Each structure stands twice: as C-alpha cells, then as structure tokens.
Amino acid sequence: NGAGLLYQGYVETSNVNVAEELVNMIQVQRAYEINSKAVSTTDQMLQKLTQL
Amino acid sequence: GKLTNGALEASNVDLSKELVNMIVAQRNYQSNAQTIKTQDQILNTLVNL
C-alpha cells in the first residue's frame, strides 16, 4: 500500500541542506535592507513635506 | 569426507594475497580522506562569505 521498508541499525538524518541556507540568508538580508531603505525614503519624504 | 589422524588443517591464508590487498585498501582509505577535505574547504568558503 505504498509504505516503505525498515532498515535496522540505520537512522534518517535531517533533510536540511546547509549549502543553500547561506545564500538564502544573503538574499534575505539584502531584501530586508532594501525594504528598510524604502521605509526611510517614505519617512524622509513625509518629513520634508511637513517641514513647511 | 574422510579424516586423517596425526594431522591438522592449516589457516588457508596467503600473505602474498593479503599484502597486495592491504596496499589497495590503504589508498582507497587515503583517497576518501580527500573528499572530506574537499567538502570541508568547499563549505569553509561559503560560511566565511
């Protein structure tokens, strides 16, 4: 019925690939910095509007 | 089979065959050590960015 098999003496390790996580961290950090820059741009725009 | 008194069976090991097999096994063991070193450096660069 589609089930697997059992192997004695073995163990299934985590299926986490430590390679792609670092590049994903780089991309996430850059995207977060870009969004924070957008927040700063909006705040600066509104501040210089209200400086009048 | 038949038996024979006053005699014994040997160890059926030839040093000629084992010594050549030991040399081959050692290199195979040496070789895989390169992969660990290669995988170690290939990961060291990534974490250090």
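From first to last, the protein sequence lines are chains A and B.
Quick note on UniProt numbering: the first sequence kicks off at 209 and runs consecutively.
Quick note on UniProt numbering: the second sequence kicks off at 354 and runs consecutively.
Don't be surprised by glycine CBs; every beta carbon is placed ideally from N, CA and C.
When the beta-carbon positions are compared, A/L230 and B/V400 come within less than 8 angstroms of each other.
Taking a Cβ-Cβ cut-off of 7 angstroms, the neighbours of A/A227 in chain B comprise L399, given in sequence order. Around A/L230, the beta-carbon contacts reaching into chain B at under 8 angstroms are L399, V400 and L402. In the three-state reduction of the DSSP assignment, B/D393 falls in the helix class.
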